[PDB]
Amino acid sequence: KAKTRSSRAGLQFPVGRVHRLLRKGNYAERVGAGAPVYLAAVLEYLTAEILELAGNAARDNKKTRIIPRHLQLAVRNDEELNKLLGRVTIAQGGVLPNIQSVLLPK
Amino acid sequence: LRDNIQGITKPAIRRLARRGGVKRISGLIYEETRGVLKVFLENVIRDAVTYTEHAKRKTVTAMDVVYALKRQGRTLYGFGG
Amino acid sequence: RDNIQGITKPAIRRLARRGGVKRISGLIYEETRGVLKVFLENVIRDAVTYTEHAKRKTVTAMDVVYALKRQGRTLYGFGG
Amino acid sequence: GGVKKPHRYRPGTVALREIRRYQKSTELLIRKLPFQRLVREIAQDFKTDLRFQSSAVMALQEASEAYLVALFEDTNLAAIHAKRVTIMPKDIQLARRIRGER
Amino acid sequence: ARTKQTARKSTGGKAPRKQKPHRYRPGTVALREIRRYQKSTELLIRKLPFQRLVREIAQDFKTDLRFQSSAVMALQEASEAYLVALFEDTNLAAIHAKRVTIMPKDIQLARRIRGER
Amino acid sequence: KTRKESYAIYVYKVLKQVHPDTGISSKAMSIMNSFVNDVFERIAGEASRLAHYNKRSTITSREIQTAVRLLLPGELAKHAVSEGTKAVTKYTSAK
Amino acid sequence: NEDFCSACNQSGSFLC
Ligand SMILES: [Zn+2]
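Sequence order as written determines residue numbers, which begin from 1 on each chain and need not coincide with the entry numbering; residues that lack coordinates are not included. Chain A is the first chain written and ligand 1 is the first ligand written, with later ones labelled in order. What you see is one piece of a larger assembly, and the values refer to that piece, not the whole. Side-chain metrics in this entry use all non-hydrogen atoms of the structure; hydrogen atoms and water are not considered. Residues with missing side-chain atoms are left out of burial classes, side-chain pairs and their counts.

Caption draft 1: Representation of the overall build of chain F. A tally of regular secondary structure across chain F gives four helices and two strands. For helices the rule is a DSSP run of H or I covering at least 4 residues; for strands it is a run of E covering at least 2, with both sets numbered from the N terminus onward. Each helix (α) and strand (β) of chain F, taken in turn from the N terminus, gives the series α-β-α-β-α-α. A compact globule built from 95 residues should have a C-alpha radius of gyration of about 12 Å, whereas chain F, at 16 Å, is more than 25% larger. C-alpha atoms of chain F, sized along the principal axes, occupy 45 × 35 × 30 Å. Exposed residues in this analysis have more than 50% of their type's maximum accessible area, buried residues have under 20%, and partly exposed residues fall in between, with area computed by a 1.4 Å probe over protein chains only. Buried positions account for 47% of the 95 residues belonging to chain F. Per element, the accessible surface of chain F, about 5,000 Å² overall, is 56% carbon and sulfur. Note on charges: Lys and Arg go in the positive column, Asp and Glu in the negative column, and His and the chain ends are not counted at all. A charged residue contributes its charge at one atom only: NZ of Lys, CZ of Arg, CG of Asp or CD of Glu. Here chain F contributes 16 positively and 8 negatively charged side chains, and the mean placements of these two sets differ by 6 Å. We take the radius of gyration over the C-alpha atoms and set the globule estimate at 2.2 Å times the residue count to the 0.38 power. Surface accessibility follows the Shrake-Rupley procedure with a 1.4 Å probe radius. Residue values consider only the protein chains on display as shielding.

Caption draft 2: Structural detail: the interface of chain F and chain B. Only heavy atoms matter for contacts: two residues are in contact if any of them lie within 4.5 Å across the pair. Between chain F and chain B, the contact holds five residues from the first and six residues from the second. Defined in terms of a 1.4 Å probe, buried area is the accessible area two parts forfeit on being brought together, summed over both. Summed over both partners, the interface of chain F with chain B buries about 510 Å², with 54% contributed by carbon and sulfur atoms. A per-residue breakdown of the area chain F buries against chain B is headed by F:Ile31, F:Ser34 and F:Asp38, which together make up 63% of the total. When a carboxyl oxygen of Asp or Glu lies within 4 Å of a side-chain nitrogen of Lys or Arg, that pair is called a salt bridge. At the boundary of chain F with chain B, the tally comes to zero salt bridges.

Caption draft 3: Representation of the packing of aromatic side chains within the structure. Two aromatic rings from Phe, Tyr or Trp, using only the six-membered ring of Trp, form a pair when their centres are within 6.5 Å; if the ring planes differ by under 30 degrees the pair is stacked, by over 60 it is edge-to-face, and anything between is tilted. Enumeration over the complete set of coordinates arrives at eight aromatic pairs over all chains. Each ring, one from B:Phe40 and one from D:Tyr67, has its centre 4.3 Å from the other, and the planes form 40°; the classification is tilted. Of this pair, B:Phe40 sits in helix α2 (residues 29-54) while D:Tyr67 sits in helix α3 (residues 56-81), each in a different chain. Judged by relative accessible area, B:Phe40 falls into the buried class, the value being 3%. Aromatic pair C:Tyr66 and F:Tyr53: ring centres 4.2 Å apart, planes at 40°, arrangement tilted. One end of the pair, C:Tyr66, is in helix α3 (residues 61-71); the other, F:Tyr53, is in helix α2 (residues 26-53), on a second chain. Residue class for C:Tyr66 comes out buried when judged on its relative accessible area of 19%. A relative accessible area of 18% means that F:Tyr53 is categorised as buried. Ring pairing ties together the aromatic residues A:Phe13, F:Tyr7 and F:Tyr10, which thus form one cluster. When the ring centre of D:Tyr9 is taken as origin, the NZ or CZ atom of D:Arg17, which lies over that ring, is 4.1 Å away. In this scheme, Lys NZ or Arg CZ marks a charge over a ring once it lies within 6 Å of the ring centre and within 35 degrees of the ring normal.

Caption draft 4: View of the coordination of the zinc ion. The rule for donors is simple: N, O or S, within 2.8 Å of the metal, or within 3.2 Å if the metal is Na, K or Ca. Water isn't counted, so a site may look like it is missing partners. Protein-derived coordination of the zinc ion comes from G:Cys5 (SG) and G:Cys8 (SG), at a distance range of 2.3 Å. Given a relative accessible area of 22%, G:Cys5 falls into the partly exposed group.

Caption draft 5: Structural context of the interface of chain F and chain A. Every contact between the two is made by 55 residues of chain F and, on the other side, 54 residues of chain A. Buried area between chain F and chain A, summed over both chains or domains, comes out near 4,900 Å², and the portion from carbon and sulfur atoms is 72%. Along the contact surface separating chain F from chain A lie one salt bridge. The closest approach of N and O atoms between A:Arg20 and F:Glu5, which form a salt bridge, is 2.9 Å. A 3.5 Å cut-off defines polar contacts: any pair of N or O atoms within that distance qualifies, except that in protein one atom must be a possible hydrogen donor and the other a possible acceptor, and neighbouring residues in sequence count only when both atoms are side-chain atoms. Summed over the shared surface of chain F and chain A, the result is 17 residue pairs in polar contact. Of all the secondary structure elements, the ones that give two or more residues to the side of chain F that touches chain A are α1 (8-18), β1 (23-24), α2, β2 (58-59), α3 (61-71) and α4 (74-93) of chain F.

Caption draft 6: The arrangement of the pattern of salt bridges in detail. Residues and elements named next belong to chain E. This model, assessed by the stated rule, comprises 18 salt bridges over all chains. With its nearest N and O atoms 2.8 Å apart, the salt bridge here joins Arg99 to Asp106. We classify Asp106 as buried; its relative accessible area is 0%. Each member of the salt-bridge network shares a partner with another, and the members are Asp89, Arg111, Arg114 and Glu116.

Caption draft 7: Highlighting the nonpolar core. Here, nonpolar core refers to any group of buried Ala, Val, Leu, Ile, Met, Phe, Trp, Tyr and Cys residues whose side-chain atoms link them within 4.5 Å. Ranked by size, the top nonpolar core spans 158 residues in total, and within it A:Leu39 and C:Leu40 carry the most contacts. The element that contributes the greatest number of residues to this core is helix α3 (residues 34-60) of chain A, accounting for 15 residues.

Caption draft 8: How the structure looks around the packing of helix α2 (residues 28-53) of chain C against α3(F). Relative orientation of the contacting elements α2(C) and α3(F) amounts to 170°, with a least axis distance of 10 Å. As the angle between them shows, α2(C) and α3(F) are arranged roughly antiparallel. Facing α2(C), whose interface residues are C:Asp46, C:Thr49, C:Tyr50, C:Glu52 and C:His53, α3(F) presents F:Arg62, F:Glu63, F:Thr66, F:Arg69 and F:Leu70. As a working rule, the residues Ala, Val, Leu, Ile, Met, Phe, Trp, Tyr, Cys and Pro are called nonpolar, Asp, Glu, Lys and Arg charged, and the rest polar, with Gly in that last group. For the contact of α2(C) with α3(F), the class distribution of residues is two nonpolar, three polar and five charged. Axis angles are defined between N-to-C directions and span 0 to 180 degrees, where every axis is a line fitted to C-alpha atoms and, for a helix, only to the segment in contact. By the definition adopted for this analysis, an angle is roughly parallel if under 35 degrees, roughly antiparallel if over 145, roughly perpendicular if from 65 to 115, and oblique otherwise.

Caption draft 9: Representation of unusual backbone geometry. Residues and elements named next belong to chain E. Backbone geometry places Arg8, a non-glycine residue, at a positive phi of 65°. The exposure class of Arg8 is exposed, given its relative accessible area of 66%. Of note in the backbone geometry, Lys98 takes a positive phi value of approximately 50° without being a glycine.

Caption draft 10: Focus on the side chain of A:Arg69. Assignment of secondary structure puts A:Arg69 in helix α4 (residues 68-77). Of the buried charged residues, A:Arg69 lacks a salt bridge, with D:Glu73 as the closest side chain of opposite charge at 10 Å. A polar side-chain atom of A:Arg69 sits 3.0 Å from the main-chain carbonyl oxygen of A:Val95. What A:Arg69 contacts, discounting residues up to four positions off in sequence, is A:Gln92, A:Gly93, A:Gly94, A:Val95, A:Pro97, D:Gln23, D:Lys24 and D:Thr26.

Caption draft 11: The arrangement of the state of the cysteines in detail. Residues and elements named next belong to chain G. Disulfides are defined in this document as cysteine sulfur pairs within 2.5 Å. A full pass over the atoms with the stated rule returns zero disulfides over all chains. Here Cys16 is not disulfide-linked; the sulfur of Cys5 is the nearest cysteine sulfur, at 10 Å. Judged by its relative accessible area of 36%, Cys16 is partly exposed.

Caption draft 12: Structural context of the environment of A:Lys83. Checked against the element boundaries, A:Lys83 lands in helix α5 (residues 81-84). Of the residues examined, A:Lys83 reaches a relative accessible area of 40% and is grouped as partly exposed. Each C-alpha atom of the pair A:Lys83 and A:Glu29 lies 32 Å from the other, and the pair is 54 residues apart in sequence. What A:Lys83 contacts, discounting residues up to four positions off in sequence, is E:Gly115, E:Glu116, E:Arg117 and F:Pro73. A distance of 2.6 Å separates a polar atom in the side chain of A:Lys83 from the backbone oxygen of E:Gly115.

Caption draft 13: Quick look at the environment of F:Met32. Within the fold, F:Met32 resides in helix α2. Judged by its relative accessible area of 2%, F:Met32 falls in the buried class.

Caption draft 14: The arrangement of the side chain of C:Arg17 in detail. Inspection of the secondary structure assignment puts C:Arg17 in helix α1 (residues 9-18). For C:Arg17, a relative accessible area of 2% gives the class buried. Ignoring sequence-local partners within four residues, the contact set of C:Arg17 consists of C:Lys22, C:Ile24, E:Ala30, E:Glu33, E:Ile34, E:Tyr37 and E:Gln38.

Here it is, written out as C-alpha cells:
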C-alpha cells in the first residue's frame, strides 16, 4: 500500500508532478522535499481564491457553470489580483462595466 | 494579399473603442489606430516567426504566439502555458 | 514621519527642474511626497525581504538593485 | 399643420447604449477572416509561404483586441484630461509615449 | 449651545510652574536654473533628510534594520531617476492640455496610465 | 508519446471542495491551467534567483516563501504563507 | 468655529 504525498500534506494538488517540474525546471542544483509541498499549498490557494470569486460572480450572474466572463469579473473586481494579474489579459473576458462620470448625461 | 489593414472597418475600430468606453471619435483616428496595429502585429509576428523557424517548424503555432506575447509584456491566457 | 517633509519644496523643484518643468502648482509637493513614499515602501519591502532571506540584519546596495531588478528598474555603480 | 418628426435617439444616447451592450459582450469585435488576412500579408517579408495553426490567429486577434481596448480606456482618460469627450490622434500618441514605445 | 476648548490647559500660567537693483521677470531665472540642475550631477535630495527618511520609513517593516552607506545612495539615485521620468511624463501630459503649469491631476493621470494606481 | 499533462482533475477537486455544485467549460479550465503554470513559474524562478544570490544550491521551502512574499501582492501573500506553512507542517507531521 | 476668541484674539474655552 503506497500513499500519495498530497494526502500526507492534506492537499488536492499533487506534490509528485510539481516536484518533477521543479526538478526538470532546474531552479537549483538540489530541490528539497518540502519545497514542492509548499508550492502545491500556495498554488491551490491561489487557485481557490480565484475559483471562489468566480463562483460568486457566477451566482451574481445567476449561472450554474463558470465562464471566463466570471473569471474576468473575479480578477478585475479584486484589486489585489489587479496588480497581480493586471499585467495579464485572459481569454474572452471583456472589460469591467465602467463609465467615466463626465460622459454621463447631465 | 496586400493592404488588408483596411479589412478592419472603421465600424470595427469603433466597436473596440466603444468597448473602451469612449463616446466620440475623431476622423483621422482610423488610419492611426490601424497603425498602432501594423506596428504591433509586425513586431509580434516577428517574434512569432522567430520562434517558428527556430523550432524547425513551418507552421506558425498558437503556442509560438502566446510564447512571443509572454516575452514582450503583452501575454495572453487560455492557449497553453 | 518627520523626514517625509524633509524632502523639501526646492528639492522637489530641483527634481522638476532636472525634469524640464517650468511652472509647478503648490499642491504638487505633498502628494508628490506621497508618490515618493509609496514607491519607497514598495522598493524597501522587497529589499528588506531579500535581507532577512540572507540571515542578515542590514540591507545592502546589492539588495537594493536586486529589489529594483524585481520591480524592473536597474541602477549602476551601486554594486551588481 | 402638424408635420411629422422621426423618432431618433439623440447624439450620445445611442452611443452610451451600445457602450453598455459592448461592455457586456466578450465576443471578439474585429471580424475573423478580415483579421486572419491582416496577418498573412504581414508575415510575408519575414518569410514566404507560412502555414498557421487553427488557434494562432484566434490568439493573435483576441490579443490585439485586448491591447487595443486597454489602450482605449487610457485614451479616454487622456481625452477627458483636456476636458474633452472627443478622442484625438494626440491622445494615443501620448499613451504610447508614456507606456514608453513612441 | 456648542462649546469647545482651545487653551487645552486646566490652569493658566503654565510656564510659571514647578513642572538701481536688477529684477529678472517672473519666469526668467527658472530656465537659467533648469540648465543648472540639468548640467549638474549631484543628488537633489539632501542626504541627511533622505537618510533620515529611509530610516524612519524602513523601521516599520523590520526592527533594527541597518543600511549599508551605499544602499541608501542606490535608493537616493533610484528615487531621483523615478521622479525625473515621472516629471518628464508630467510635463508631457501638461503640455497636452494647452498648458505650461502642471497640477497634481496631471500626475495622477500619469500614474494611472502607467498602471500603478 | 501521446500523454499531455495538466492540472485538470486537481483544480476540479479543489473546486468541488469549494463549490460541490458548480461546473466548468474546457477553455476556462485552460485559463486556470495556464494561470497556475504561470504563477508556478514566477514563484519558482524568483526562488531560483534568491538562491543563486545567497550562494545556496537548493530550493528550500524557505525560498518559496521569501518568494511568495516577494511576488504576490500582500493580501494574497500572508494567506499563502499561512496555508503553505500549515501544509508543510502537515507534511512533516505525517512524515 | 475658530480656535481663537473673536473679541480678544486669544485661545481658551469658547462659546461657539
Ligand atoms: Zn476672549
